[PDB]
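Residues per chain, in single letters:
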Amino acid sequence: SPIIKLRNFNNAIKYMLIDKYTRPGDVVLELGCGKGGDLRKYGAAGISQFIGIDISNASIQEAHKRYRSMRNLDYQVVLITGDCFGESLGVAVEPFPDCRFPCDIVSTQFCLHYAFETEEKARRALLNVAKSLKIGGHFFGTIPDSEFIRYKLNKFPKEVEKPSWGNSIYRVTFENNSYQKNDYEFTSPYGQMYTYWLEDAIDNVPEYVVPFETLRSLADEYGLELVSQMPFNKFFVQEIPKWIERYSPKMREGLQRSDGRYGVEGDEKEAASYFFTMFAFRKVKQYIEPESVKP
Ligand SMILES: Nc1nc2c(ncn2[C@@H]2O[C@H](COP(=O)(O)OP(=O)(O)OP(=O)(O)O)[C@@H](O)[C@H]2O)c(=O)[nH]1
Ligand SMILES: Nc1ncnc2c1ncn2[C@@H]1O[C@H](C[C@@H](N)CC[C@H](N)C(=O)O)[C@@H](O)[C@H]1O
């Protein structure tokens with residue numbers, strides 16, 4: 001099953017990412033945490049506290065009722081319904097004094113692209129991330145690669161109204177063709193909508209492009225310096241050497257091609273390894289808002 005291979009691969013990527021930046025005793029803030037898909041991964045890292053926030057009350061309840069159903073829970077868990085992009089994060093976390101801010105890690109797995117709906121939303125999300133971190137703390141995540149998206153968008157003539165591409169397990173469909181009509185450049189960093197379909201996961205839901213240059217430039221304004229940016233395919237090849245020993249025999253088989261080498265082939269190759277990038281930033285400065293220091 002191709003979609004299974006993709007799920008396996010994307011979980012391997014998340015392990016590689018989490019265990020690279022997260023250290024024993026860390027406090028972790030997972031924005032857009034969904035249904036607690038990444039709890040086991042933070043366990044291996046040896047964290048102290050996990051703080052999950054998601055806008056969907058349904059998802060948080062499935063997260064609560066599921067943490068109980070696992071062994072080796074050596075860490076405190078706080079799960080919160082809240083909007084991490086549209087609203088200040090202090091709104092969401094004030095009712096939860098247990099939370100130990102500032103924290104060591106902020107993670108956004110497959111969600112930061114919902115924040116690029118508007119400039120206002122993108123700036124709050126990043127200010128939320130920056131406000132939350134110790135200096136020396138890391139913000140890491142996974143988003144669609146704007147460079148892969150540009151590569152594909154560049155291949156369409158101006159005639160095509162709603163540019164679309166995909167394969168058997170995924171499809172992207174752009175709202176308009178303003179990119180092509182604007183000499184193969186976005187009119188704006190924000191609000192660049194496309195509909196994403198992934199087999200048995202996302203059902204034609206609107207997302208936004210994240211021009212990596214804009215993410216990097218906003219992060220800098222708020223005191224985050226980029227320390228790594230790699231597409232999944234390149235990230236995996238770099239990290240896989242130190243993971244083969246740690247994979248269980250069944251985990252090994254789910255990450256192997258039919259020839260026995262490690263990786264993805266076929267439709268998964270594009271849908272998983274080319275379409276997504278990881279990133280990691282380090283907080284280097286404490287942000288102070290312009291014109292905010294008064295007598
Ligand atoms: N573009 C995009 N992809 C997403 C988003 N959310 C999830 N995905 C992708 O959906 C894939 C599969 O999601 P699910 O099938 O729900 O994965 P899961 O709950 O971890 O399931 P198992 O891996 O089987 O335990 C992930 O590996 C991501 O690549 C999103 O908001 N945007
Ligand atoms: N403004 C928002 N604030 C918080 N969560 C949001 C917001 N917008 C979307 N989300 C959530 O982001 C999640 C996106 C999921 N694709 C990711 C879940 C999980 N992190 C994973 O690795 O799959 C969903 O659970 C959404 O409800």
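Residues numbered from 1 in each chain as written, not as in the entry; some residues may be left out. Chains lettered and ligands numbered in written order. Heavy atoms only, no water. Residues with missing side-chain atoms left out of burial classes, pairs and counts.

- In terms of determination method and resolution, the entry is listed under X-ray crystallography at 2.80 Å.

- Under the PDB entry, the name given to the protein chain is mRNA cap guanine-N7 methyltransferase, and the source organism is Saccharomyces cerevisiae YJM789.
- For the record of the protein chain, the UniProt heading Subcellular location (unreviewed entry) holds the text "Nucleus". (UniProt positions renumbered as here; feature names shortened; annotations may be inferred.)

Some details on the pairing of strand 7 (residues 170–174)
- Residue alternation in strand 7 divides its side chains into a buried set, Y170, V172 and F174, and an unburied set, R171 and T173.
- Between strand 6 (residues 164–166) and strand 7, which follow one another and run antiparallel, lie 3 residues.
- Pairing between strand 7 and strand 8 (residues 193–198): 5 bridges, direction antiparallel. The residue bridging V172 from the neighbouring strand is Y196, located in strand 8. (Buried < 20%, exposed > 50% of the residue type's maximum accessible area, 1.4 Å probe, protein only. Helix = DSSP H or I, 4+ residues; strand = E, 2+ residues; numbered from the N terminus. Pairing = 2+ DSSP bridges.)

Side note on helix 1 (residues 2–21)
- Over its 20 residues, helix 1 extends 29 Å from the first C-alpha to the last, a length consistent with the 28 Å expected when each residue adds 1.5 Å.
- Every buried residue belonging to helix 1 is among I3, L6, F9, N10, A12, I13, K14, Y15, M16, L17, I18 and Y21, and all of these are buried. (Expected span 1.5 Å × (residues − 1).)

Observations concerning the sheet that holds strand 10 (residues 224–231)
- One open sheet accounts for 7 strands, arranged 3-2-1-4-5-11-10; its pairing is mixed. Here the strands that pair on one side only, and so sit at the sheet edges, are strand 3 (76–81) and strand 10. Shown here is a sheet whose adjacent strand axes are inclined to one another by a mean of 15°, direction ignored.
- Where strand 1 (residues 27–31) lies against strand 2 (residues 49–54), 5 bridges are found, and the strand directions are parallel. For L29, the partnering residue across the bridge sits in strand 2 and is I51.
- Packed onto the sheet, helix 1 meets strand 4 (103–109), strand 5 (133–144), strand 10 and strand 11 (276–283) and runs at close to 170° relative to strand 5.
- Lying over the sheet, helix 3 (residues 57–67) contacts strand 2 and strand 3, oriented at roughly 160° with respect to strand 3. (Axes fitted to C-alpha atoms, helices over the stretch in contact; angles between N-to-C directions. Contact = heavy atoms within 4.5 Å.)

Considering the pairing of strand 3
- Inspection of the sheet shows strand 2 paired to strand 3 by 6 bridges, in the parallel sense. Bridged to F50 within strand 3 is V77.
- Handedness of the crossover joining strand 2 and strand 3 through helix 3 is recorded here as right-handed. (Right-handed = clockwise from strand over helix to strand, strands pointing away.)

Considering the site of ligand 2
- Every one of the 15 residues lining ligand 2 counts as a neighbour, but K14, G32, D54, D83 and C84 are closest to it.
- Take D83: an N or O atom from its side chain is 2.7 Å from a nitrogen atom of ligand 2.
- For ligand 2, whose unbound accessible area comes to 580 Å², protein coverage reaches 77%.
- Per-class residue counts for the shell around ligand 2 are 7 nonpolar, 4 polar and 4 charged. (Near = heavy atom within 4 Å. Polar contact = N/O pair within 3.5 Å; in protein donor to acceptor, adjacent residues only side chain to side chain. Areas by Shrake-Rupley, 256 points an atom, 1.4 Å probe, with all protein chains shown as cover. Nonpolar A, V, L, I, M, F, W, Y, C, P; charged D, E, K, R; others polar.)

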